[PDB]
DNA sequence: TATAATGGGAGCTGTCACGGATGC
DNA sequence: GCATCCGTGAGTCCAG
Ligand SMILES: [Mg+2]
Ligand SMILES: [Zn+2]
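Chains as they are written, first to last, in the UniProt record's numbering: chain D, 78 to 91; chain Y, 3 to 106; chain V, 527 to 789; chain S, 1 to 56, 64 to 1118; chain E, 947 to 1104; chain A, 1420 to 1502; chain B, 1210 to 1237, 1252 to 1262; chain Z, 2 to 95; chain X, 314 to 423.
This is the structure:
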């Protein structure tokens, strides 16, 4: 629902 | 002919492109010094139409003796400026996008 | 994208929405050409979808995109079509119109039921083209252009143009309307009687159908132009032709107030 | 003249300074007269002390100071500048590791200053910051709408400082906390605060069934650190539970005084409701590394005790004026200042990383643009910042005392139900129950009571006299609503002999409930009836005889009175008309005792006791916000001995220091040939003859000559194709001369603009060839006079580029402002009103001879229709007319106080004294009764008005004492068949005049996208034919008139062009075409990827774009 | 036709009806303090008594008008239907009547004054509750009426 | 089936009327999916289009009525009798 | 409005809606306009 | 009220048909310059100027009076439209 | 640039773009003026011979929108360039006399 | 064009009452 | 079958 939160979560996986 | 009915239907991408007079490739609106529409931008006279009636952009064809002529130098068709209220453009998306109405 | 009086620029919000879309689309094309990793491309495509959504129906999903330094949501296409301010309700089912005026209303006891008092200058601007033609027929002006240039300045107005205007409006009627227009009798046609001063004079008996009174009400005037519009106004919409209420059938224009008191 | 006042009520205290709600608020906010070391932690000081220190290098706040205004008020209004003072702040940058200190005084921009009257000047326009009522912060307990035996505990901080917290006992038994729309068990937050099952079992264990629902074993099993991580996971999903991040978030949510601010009022209210003491304005603290509870456990205990039915615990009335507080200018300006300061602090923290970490000064670290922008925003574009209403002095004085429930951080119009708009029992003496807008804003915008004042905590207080035993002291106690609810307060009119209550039973209030009570039970007493109503409501004589709905209009319309050139104070006053002229600065008074040295039209020079010679310049013919002239006329003479506070000059709409909103006219109440039908009004041409209701109005016109890409716009007398007659009154530079009359079409400022490049049509080529005259390079763009306007040019202001002292906005060469004044006489369509809500338009101005007249030849001025009185139930105007008849003949005015006034018998006595003058003069002049007077007396004793058998004189006196006189018809000479009420009434000419409102248009400007006409008189716009007008046309069945409205008279370009040409040629109008707005709809639907096709009967596409958009 | 303050005729039956109502109120208070009837029944009886008294004084006003002043301006305007209705004339001549709290609950104490006599500041403040409630009711009702009208127009237009 | 005025107005066969009443996006999406054609039966349809409403002086019952004087009437009568 | 048989082509629905709506602002022991809308 | 409006409503089966007839006849009168009229010189509608009585310029007034006389024939499908226009332009040129 | 949808007032009923006129499209007054100008020009041109009125219509571009040179109009009418310039001058002179006599084209000079 | 730097920041609350989908 | 969420409405004209 929040694009910034989702992208930060995608970033924190690497 | 007289209008008796009004139909509304979905538009294929082919129909969207058949309406379009050109693709808007650049986000620019108008030039910061000349105040004229920037090429391939949102106000491009080559796509949507001439700003002044029967007169191309650079001023090579300035009257109605040429109508339907497309200026070779600047690319503008010489017609009535009213067509800038009518002629549509388009944008070619790299990835398909869902029309939010048919989702939300 | 237009230039205002002061040389400044004013633009539509669709331009900023289209700019967002074009920017994100071009950047996605470049990111694809440079073979960027899937996380980056995914974020870019998600932003592209968000931009298309904001263009078509802003605020529909997620936070509404706003211009920098503003809390005001941008005005999308859906916002244009829908709503009390939408295209339908504001510009399609109702319009601002030419050959209209508005002024404060005053009691007109001397009027006949089919009449109303219309200020001179109101009728001069409302009937201006008819008055130009009539000033050309009579010798007051060589042509239409000279007649208009003569009406343009108030001190250039002589006393023959008023008699010409009297000739112009003869037999014709105007529409009086008072907001809110609750039933079809909130608009009625009256033969105008030119009056000095700046007030509209309203016949007492029609005050009930308008729910009008003279605590400061104002009314709008409209001029039916064609002979067809004039025929419709004179036969169907004339005040003296509608004496009964279409809702009950009882008389609507009836003695009331001071009238009842005297009788 | 003699001024006879009535009433036995003695006000022990005068009215407070009426503009103090603005003045004292802003003064306490700025603290510019306090030396920086002695400033309290409030207002701007509190904002700085809250924002600093900026910890990340450490930047700290030492003090601030305010400079002197760069320009005076008159200069600001003249040059479109903001009246403001420079704000400097002394900050020291400390390197905590180095010890280095670099200290500097940085300039943060200008802060706007309040003028003497309590207003501001923003960009040359006078503005008022309207106070805002809202829910007081604190802890409230309200019945749960779902479950009747359960309740909801609300914790409410200040607006934009922290979230609302809702404590609720769920049906499953566990207690829940709701923050930012998320809910969770309160036990978890209690465990983060350090509570254990033992402390909760002892503290709350008195209530059996609830604590067991509170208990959660898994929560007490984990230590506060694990509960903190768990709560952070519940509040912020997806965010990794880093313990430092969790401490930061929970602290910034609850314990951070920078991000969570209960009011000082909120703190006091929580302490008073829960019976606890707060160490600060936060719900908890971060001390010694852990979290320590402040608020939560007392609120939970109160909630449980309320649920169980424990005595001493109450639900809260959220519309009680003890739970509703006012945020004045200081508080709102301080909020926006605090926002700008926090943005500046974000910029500082961002600067404390970049650049060189060593060489930094406070000048390099601070950027004031956020703060300047925030203050500029608040004052310029806010909803609570309003264009000042200075129609007359009372307009502004009442404006400043307005209370809005709307605005940012407050209600929208749909959010307000009946509960907010209602008159609460606690509005008594605080908020006026009468004066409120009539319409959708009713109950939202209100006005402050007369004796009311807002205290430091934001609650409105009202004064009451102490009553000890049966003796009423002269000491006054200002109470809030909550304190007022404790005592038994008697009414201000209760009988008194000396200071002792003289009645056996008195009328009093206990919690607003009216009750009959013994004088020993009387704890306090009202100060005066005046304290219950607003200032405008206090200006209505005989208010007790007026229904409230019409008194509302009387109040609200006094705001709209126009200052008249011969304005005078009413013959029947209430006693407040002088103080109103005083507190708003309309009139000019003497500072100390002395003697008048000089009196001019332009200035008054006074020599005081000190020997110093003071000169007062007089404001003469200055245009207010609304165009009504502000001008002060000298009321003294050279050599006159004046005292301290004596009048020097009368302001606008005042007579000898009394408030003069209209004129006293001789009125007769009777129908007149239907010219006063339905609230219309008939007036005498004698009113125009002696210049009654004649008012001065000034309009400002402006024009800019700027630099274009096509060449300069020049302000010049040289204009293409214009006769010398057209340029007659213009000077060498093109601007109209001062003193010249201008009519619609005349030129104020001539201006030439370079034509845009256009290839001339072949018609113009042949025409130019025929006449041989070349086409000019420039074009006439002169500023002319709009239709229906005009007057005398009284001032011109020209500002060029390159002349000293002036700089315009980029691109602008020069700016010219022309001021045009006009003397408006009363006319048909202008709106009159009295103070009782009787209002109407002038419908007929008769020559003096037709006017109904008294037997002695005196014609009346105004004829009001009696039919407006019975339905409206405003009898006060009738009594005003009676007392005004008496005062017309005795030659004296009166002061009748509100709710303690002149009563009927005294008015009858004054009427008899008047009748002696009215009739004995006639009898001494050698004249008897008239035949027609006998006929009227006959018909009057048939009405039972006079007793049969008495002499004609005795019966005429019996009629006069009822306020009725014999009235002769000026048209016939025959009398009116009955006796008629005639007397003096105070009537005001309201701001709504036909000259301003009349408008007509044939053709004119069209809008860009829709191509429909514009709207508004200023834009020469057209009238809107809305949906409902289309319904009217359809219901009439007039199809072609409707098609005209839709096409020819608007938005159909081809159609309207062809129609105008057909009309000027005499031909009938053509068939309409497709509306341009439907084409706009079609294309805007194609933009939404929807294909709209207009089809014929064969279902074949029809092109309404006529091949222009098709390839 | 004119209107003077003397044209609001207070009838002589008013003081009689008011004294009777006071004696009845004392009888009901005596029946309450003896525990015969509850607070609810007492409140209801007081309201009913004052309502019937209001109707009585209305009829008294109009009867005194019809019999002793048939050409009284208020009476004439009301009867002819030019202006006014009985309750407004009653407020001018009889008593103002009962008022209601912002909750809608009616006050036990009626307004015994008329606009000819003038109210007390407390009576005025009590009246303001209902006046404001009616104003807000109207302001909120016009929107629902207009919305309903537009619904009906859209459903019946063809 | 009984339904209130709002749902019955939204259910009307003309999508121009329904879209100009309320729920413009829902109306327009379902209509565009269905390929709906508006027959311009009612008043709102023709008002949006700027057409001549089918009521009053626009009713097909009274719309085509002609006026002619007896002189020209008999003149054309004899002109058509000779063909 | 004419006390005679209605003329063919009269826009009846609009007249009906206006006739119902116009007294709406007057509807006030009583259910009133809320009941009207409920129906 | 317009003169004889009751009789005018008596003539038709629907008032809107009367309106259409009046408007079309007024257009006829305007186009042909009033010289196609069915009125006798003493039936001509007049108008008071400062000079004196002149012919009423209002073709709607003219049309309603002509309709009151009874010399006008109205109905549907009385003549092809082009034939009517051309025969009227032959009888009364422009 | 500033937004056309910038709210004017504390209500949502007005936008900035609603107070901005349309200066591009000609007003009905302007279109009427241009049409009357063309009609009066053709009224005054029929007072000439068809040949000289045609030379003037070709020279100033009222036909085809292009202004023809003297050699082209002379090659069209078969005459020499000096003959076509002379008949153009005499047509213009007759037009000037007709204009000084009738005064019908003066008002269009603005 | 090269010290090393590696998960944001602002929220915003006093309707209200329908219809229609989606949760036990 | 019944709660609960989301979405969409909530009078007109004028004037600022
Ligand atoms: Mg009114
Ligand atoms: Zn070109």
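The beta-carbon is built from N, C-alpha and C at its ideal position, and this holds for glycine as well.
Distances taken from the Cβ of residue 739/V to the heavy atoms of ligand 1 include one shorter than 6 Å.
Short of 8 Å from the beta carbon of residue 1066/E, and not among the five residues preceding or following it, lie these beta carbons of its own chain, in chain order: 1059. In this structure, residue 743/V has its beta carbon less than 6 Å from a heavy atom of ligand 1. Within the stretch 1040-1068 of chain S, the residues whose Cβ lies closer than 7 Å to some Cβ of chain Z are 1044, listed in chain order.
Residue range 145-150 is occupied by the beta strand (DSSP E) that includes residue 149/S. Contact with chain A is found for residue 1217/B, since one of that chain's Cβ atoms lies less than 7 Å from the residue's Cβ. Taking a beta-carbon distance threshold of 7 Å, residue 86/Z does not count as an interface residue toward chain S. Nearest Cα to residue 508/S within the set 1084/S, 484/S and 474/S: 474/S. For residue 65/Y, the nearest CB of chain X lies under 7 Å from its own CB, placing it at the interface with that chain. The beta carbon of residue 598/V sits closer than 8 Å to those of 592, all from its chain and outside the five residues before and after it, given in chain order. Taking CB atoms only, residue 36/Y has no neighbour in chain V less than 7 Å away. Taking a beta-carbon distance threshold of 7 Å, residue 197/S does not count as an interface residue toward chain Y.
With a 10 Å radius around the Cβ and a threshold of 16 neighbouring Cβ atoms, residue 105/S comes out exposed. When DSSP states are grouped into helix, strand and coil, residue 1002/S belongs to the helix group. Close to ligand 2, as judged by a C-beta nearer than 5 Å to any of its heavy atoms, are the residues 58/Y, 60/Y, 62/Y, 73/Y, 75/Y and 76/Y, in chain order. Note that the C-beta distance between residue 604/S and residue 633/V is not below 7 Å. Close CB contacts of residue 58/Y within its chain, under the 6 Å cut and outside five residues either way in sequence, are with 73, 76, 78 and 80 (chain order). Within the stretch 905-971 of chain S, the complete alpha helix (DSSP H) runs of at least 4 residues fall at 911-922, 928-931, 938-949 and 959-968. The Cβ neighbour count for residue 621/V, taken over all protein chains shown within 10 Å, is at least 16; the residue is labelled buried. The alpha-carbon of residue 1010/S is positioned some 7 Å away from that of residue 625/V. Around residue 585/S, the same chain offers 664 and 665 as residues with beta carbons nearer than 6 Å, after the five sequence neighbours per side are excluded. When C-alpha distances from residue 431/S are compared across 326/S, 487/S, 524/S and 518/S, the shortest belongs to 326/S.
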